[PDB]
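Enquirer: For reference, the structure I am asking about is given below.
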Number of protein chains: 2
Amino acid sequence: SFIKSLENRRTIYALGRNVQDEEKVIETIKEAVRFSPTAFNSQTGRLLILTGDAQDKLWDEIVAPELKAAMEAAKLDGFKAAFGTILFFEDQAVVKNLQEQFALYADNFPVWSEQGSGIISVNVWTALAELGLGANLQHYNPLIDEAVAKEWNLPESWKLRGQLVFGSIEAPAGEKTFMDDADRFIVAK
Amino acid sequence: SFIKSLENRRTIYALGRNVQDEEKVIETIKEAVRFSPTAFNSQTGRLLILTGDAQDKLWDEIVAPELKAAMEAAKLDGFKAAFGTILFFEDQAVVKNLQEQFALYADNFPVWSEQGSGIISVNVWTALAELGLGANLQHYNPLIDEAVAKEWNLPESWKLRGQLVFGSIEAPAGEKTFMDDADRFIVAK
Ligand SMILES: Cc1cc2nc3c(=O)[nH]c(=O)nc-3n(C[C@H](O)[C@H](O)[C@H](O)COP(=O)(O)O)c2cc1C
Ligand SMILES: Cc1cc2nc3c(=O)[nH]c(=O)nc-3n(C[C@H](O)[C@H](O)[C@H](O)COP(=O)(O)O)c2cc1C
């Protein structure tokens with residue numbers, strides 16, 4: 001079922017490169033984003049999908065040095081060891097255009113775009129889990145934004161929101177608790 | 001498949017009350033939220049699920065008058081005609097607590113909570129579509145926030161984000177276009 005697909009998506013930190021069909025993975029990522037709703041069908045999400053040498057470069061040559069430099073003012077190997085990283089961005093040029101066209105809702109578009117980023121991130125994450133791949137969601141934005149845009153020649157309007165590290169599952173998800181239903185759901189007739 | 005479930009979720013404006021098993025609907029809504037990821041497992045989403053008399057009251061006694069009063073400074077019947085409305089909130093008391101506990105990430109929690117709201121909204125929406133029910137997502141916040149909190153005795157900390165109107169499908173979704181893949185996906189190796 002759909003609910004089963006949701007339940008099967010988990011944060012997996014222990015990731016490897018035992019990925020059988022990279023083309024199918026890419027196809028699935030694209031479909032998960034394609035079929036995600038966005039306010040006014042604005043489709044503000046943008047993805048940079050890195051594998052292979054690009055995956056190694058992101059972690060060794062961008063994240064590690066940017067983090068070290070930022071600290072002066074391990075886990076990184078576990079992220080590198082994964083098959084790839086999907087960097088999720090929101091296109092600010094579209095957001096701004098919508099704000100101008102519908103000034104009535106100018107304040108809403110940034111909010112809906114942020115919601116949109118969450119939406120496409122989890123849809124991709126869950127789609128990957130259905131292929132038997134694990135993933136985890138990181139936030140090294142805004143630290144790495146400039147270096148990523150330069151290395152892969154991204155438009156200035158792409159605002160980095162999240163990095164979904166993915167690969168073969170090499171150890172199970174940890175334990176997870178849930179709130180009491182009574183504290184978050186109220187049903188009235 | 002999961003991708004098929006995503007594709008099957010659409011905005012349906014023509015909604016009715018031909019709903020066979022309300023208990024199953026409520027169960028599915030809860031599960032879709034339960035199995036949605038949130039930053040640090042913070043589970044900030046809160047739902048008010050209205051059906052029957054409460055559904056009629058929301059639209060006739062709250063949304064319509066608040067909208068009319070706001071205008072002085074149709075579609076509403078189509079929303080009322082639906083089986084119910086799921087009001088999605090984010091708990092600001094939890095957000096604030098997280099900001100205090102992890103001041104390092106204080107700026108991130110509001111963002112992740114907004115993303116969280118998008119995540120649980122679409123997961124619920126898609127779960128409902130799998131039951132054969134349609135839905136559409138409205139934004140009469142912040143106009144109706146006070147009246148809703150008073151009528152259903154909600155905590156002040158619940159910040160309304162969206163209203164998912166749902167019911168039986170009485171007319172098909174409209175047409176929808178998609179961007180060129182080349183404009184939103186970049187793959188690098
Ligand atoms: C908006 C959002 C932001 C998150 N931020 C991070 C992060 O920066 N680093 C990380 O390791 N996990 C992050 N998480 C993962 C959550 O902590 C995880 O989803 C949650 O604990 C539930 O566990 P599960 O993913 O195994 O279901 C994030 C999840 C979401 C939805
Ligand atoms: C964050 C978000 C906000 C939206 N806001 C509204 C809204 O206020 N009113 C409405 O009728 N539809 C709204 N939509 C619906 C979108 O316009 C719709 O999802 C999009 O056009 C794609 O069509 P689909 O839902 O049929 O796939 C919203 C969708 C999302 C994800």
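So you can find residues: chains in the structure tokens are A, B, ... in the order shown, residues in each start at 1, and ligands are numbered from 1 in order.
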Mind running chain A against ligand 2 at 10 Å and telling me each contacting residue's nearest atom pair with the distance in Å (one decimal), counting only C-alpha atoms and all ligand atoms, chain and number ascending, as JSON lines?
Expert:
{"residue": "A:34", "atom": "CA", "partner": "ligand 2", "partner_atom_place_in_ligand_line": "27 (O)", "distance": 9.4}
{"residue": "A:35", "atom": "CA", "partner": "ligand 2", "partner_atom_place_in_ligand_line": "27 (O)", "distance": 6.8}
{"residue": "A:36", "atom": "CA", "partner": "ligand 2", "partner_atom_place_in_ligand_line": "27 (O)", "distance": 6.7}
{"residue": "A:37", "atom": "CA", "partner": "ligand 2", "partner_atom_place_in_ligand_line": "19 (O)", "distance": 4.0}
{"residue": "A:38", "atom": "CA", "partner": "ligand 2", "partner_atom_place_in_ligand_line": "31 (C)", "distance": 3.8}
{"residue": "A:39", "atom": "CA", "partner": "ligand 2", "partner_atom_place_in_ligand_line": "28 (C)", "distance": 3.9}
{"residue": "A:40", "atom": "CA", "partner": "ligand 2", "partner_atom_place_in_ligand_line": "17 (O)", "distance": 3.7}
{"residue": "A:41", "atom": "CA", "partner": "ligand 2", "partner_atom_place_in_ligand_line": "21 (O)", "distance": 3.8}
{"residue": "A:42", "atom": "CA", "partner": "ligand 2", "partner_atom_place_in_ligand_line": "21 (O)", "distance": 7.4}
{"residue": "A:43", "atom": "CA", "partner": "ligand 2", "partner_atom_place_in_ligand_line": "20 (C)", "distance": 8.5}
{"residue": "A:105", "atom": "CA", "partner": "ligand 2", "partner_atom_place_in_ligand_line": "8 (O)", "distance": 9.7}
{"residue": "A:108", "atom": "CA", "partner": "ligand 2", "partner_atom_place_in_ligand_line": "3 (C)", "distance": 8.8}
{"residue": "A:109", "atom": "CA", "partner": "ligand 2", "partner_atom_place_in_ligand_line": "1 (C)", "distance": 8.5}
{"residue": "A:110", "atom": "CA", "partner": "ligand 2", "partner_atom_place_in_ligand_line": "1 (C)", "distance": 9.8}
{"residue": "A:111", "atom": "CA", "partner": "ligand 2", "partner_atom_place_in_ligand_line": "1 (C)", "distance": 7.6}
{"residue": "A:112", "atom": "CA", "partner": "ligand 2", "partner_atom_place_in_ligand_line": "1 (C)", "distance": 4.2}
{"residue": "A:113", "atom": "CA", "partner": "ligand 2", "partner_atom_place_in_ligand_line": "1 (C)", "distance": 6.7}
{"residue": "A:114", "atom": "CA", "partner": "ligand 2", "partner_atom_place_in_ligand_line": "1 (C)", "distance": 8.0}
{"residue": "A:115", "atom": "CA", "partner": "ligand 2", "partner_atom_place_in_ligand_line": "1 (C)", "distance": 5.4}
{"residue": "A:116", "atom": "CA", "partner": "ligand 2", "partner_atom_place_in_ligand_line": "1 (C)", "distance": 5.7}
{"residue": "A:117", "atom": "CA", "partner": "ligand 2", "partner_atom_place_in_ligand_line": "1 (C)", "distance": 9.3}
{"residue": "A:118", "atom": "CA", "partner": "ligand 2", "partner_atom_place_in_ligand_line": "1 (C)", "distance": 9.6}
{"residue": "A:119", "atom": "CA", "partner": "ligand 2", "partner_atom_place_in_ligand_line": "31 (C)", "distance": 7.4}
{"residue": "A:120", "atom": "CA", "partner": "ligand 2", "partner_atom_place_in_ligand_line": "31 (C)", "distance": 9.6}
Enquirer: I need the chain B residues near chain A as a PyMOL selection string; criterion: at most 7 Å, counting only C-alpha atoms.
Expert: chain B and resi 2-3+5-7+31-32+35-36+45-54+114-119+122+127+184-189
Enquirer: Find, counting only C-alpha atoms, the residue in B:125, B:59, B:102, B:140 that gets nearest to residue 82 in chain B.
Expert: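 Under the stated criterion, the closest residue is B:59.
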Enquirer: Quick one: pull the distance between atom 3 (C, counted along the ligand's line) of ligand 1 and CA of residue 151 in chain A, Å, one decimal.
Expert: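 Separation between atom 3 (C, counted along the ligand's line) of ligand 1 and CA of residue 151 in chain A: 24.9 Å.
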Enquirer: State, in Å with one decimal place, the distance from CA of residue 76 in chain B to CA of residue 134 in chain B.
Expert: 16.7 Å
